[PDB]
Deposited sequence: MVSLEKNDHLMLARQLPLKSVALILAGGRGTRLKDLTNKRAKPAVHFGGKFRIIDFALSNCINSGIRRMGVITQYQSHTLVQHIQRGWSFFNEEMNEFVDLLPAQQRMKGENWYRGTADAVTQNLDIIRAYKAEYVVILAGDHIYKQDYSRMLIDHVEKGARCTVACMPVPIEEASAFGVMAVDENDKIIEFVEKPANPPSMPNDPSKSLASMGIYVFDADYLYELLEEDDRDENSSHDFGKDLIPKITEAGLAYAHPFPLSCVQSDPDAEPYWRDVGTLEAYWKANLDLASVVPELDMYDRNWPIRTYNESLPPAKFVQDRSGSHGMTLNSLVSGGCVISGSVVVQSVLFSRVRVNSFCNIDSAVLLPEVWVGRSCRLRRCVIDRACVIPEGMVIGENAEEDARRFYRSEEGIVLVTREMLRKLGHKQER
């Protein structure tokens, strides 16, 4: 049959945004994880949405669960180009499962055959059409995408065990002592929060869930386990649909929970061969295309040139000489003279005063680094002034600088 082209059209994807899980702030001091700046020009949610477009699912519902203005604004500036008459749109649904139930009437209006539940706070490339094919072929009422993960990390994920037909036999949510994969147990088998539902089953099921007082109203914590025990939950190996230029590589998926994970994932793009390919013309990522002037590199006050090693400089940046290494500079970052920026991620509109030395850190949006501030060299002092991760990564939010008496306007 010609089902592959048909299934996306019969499907609707819902992206559960909101639920901030990041220390980073975006100019009002309380951002949501889905709207976190990434890779110089992107926000995390862009990935999920982008996948939908490239997968053939042009009907999306972004659920923003705390009236966030930066996420709504991003959807409005970068994802409001659709012609509703062509069966394509990005609806902004107001306020994990509870939010979906709250908008259940509006969703039924979509009149969708299959529903794609996604988490808009992960960075990955996946062809959802393949997962829909697997859904129909395997014929479950619910299909869940899964992948092997290190045992140490498995506590944050939902762990599952399947049979020969990839039918979900056992599921447990963020267990403290996660089961290892039965065979080749170098790591437990974690779920990716990516679901495909037959629309009718999901509607009925959410109706059932809202009336239970004791249910936690979460897919992983309450809903999915109930789905699993009835034997209607099948598994989808992520490699079956994961999109990647180099076939001989591990599937790329980052939940970007910790500061260290964020710092690592961003700096990856500055390396010679990044694990994540952001140049792939066959699976592009859509975002708000801000009009920015070219990156401007100028001489410092001493008239010296600037040096750069394995770094990214987004539009609107202005760099006076200085040395920038293993760093990612988002849009409109100003770096004044005699700076040493080092293994750092500077979010948009950061202003770095002269004679600064930044190292293994993440400067938050619009921070104003005063003149001659040093970061990343004295562990105790840095931990005192700002936040320092267990591995040694520093986070500098503009509020932290305010507490130290440095005006950020």
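- Missing from the model, relative to the deposited sequence, are the stretches 1-9, 105-116, 431.
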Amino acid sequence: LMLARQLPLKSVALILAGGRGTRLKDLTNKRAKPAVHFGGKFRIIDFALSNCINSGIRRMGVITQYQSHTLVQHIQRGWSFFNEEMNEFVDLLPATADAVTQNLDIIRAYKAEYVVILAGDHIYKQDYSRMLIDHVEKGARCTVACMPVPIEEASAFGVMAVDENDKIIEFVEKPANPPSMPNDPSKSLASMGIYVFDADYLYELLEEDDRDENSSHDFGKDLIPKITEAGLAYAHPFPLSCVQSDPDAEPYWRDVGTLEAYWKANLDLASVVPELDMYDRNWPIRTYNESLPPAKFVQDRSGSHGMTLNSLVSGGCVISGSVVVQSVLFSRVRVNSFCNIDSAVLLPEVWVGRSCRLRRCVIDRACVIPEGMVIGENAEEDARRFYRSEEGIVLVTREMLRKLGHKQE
From here on, numbers count along this sequence of modelled residues.
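- When the C-alpha B-factors of 339-347 and 62-70 are averaged, 62-70 comes out higher.
- If you average the C-alpha B-factors over 272-280 and over 202-210, the higher value belongs to 202-210.
- In this entry, the residue among 127, 91, 246, 290 with the greatest C-alpha B factor is 246.
- Per the PDB entry, 174 shows the highest C-alpha temperature factor of the residues 286, 174, 264, 122.
- In the PDB entry, a CA B factor belonging to the lowest third of its chain's modelled residues is recorded for residue 316.
- Looking at the C-alpha B-factors along this chain, the one for residue 78 belongs to the middle third.
- Sort the chain's modelled residues by C-alpha temperature factor and residue 37 lands in the lowest third, per the entry.
- In the deposited entry, the Cα temperature factor of residue 14 sits in the bottom third of values across the chain's modelled residues.
- In the deposited entry, the Cα temperature factor of residue 186 places it in the highest third of its chain's modelled residues.
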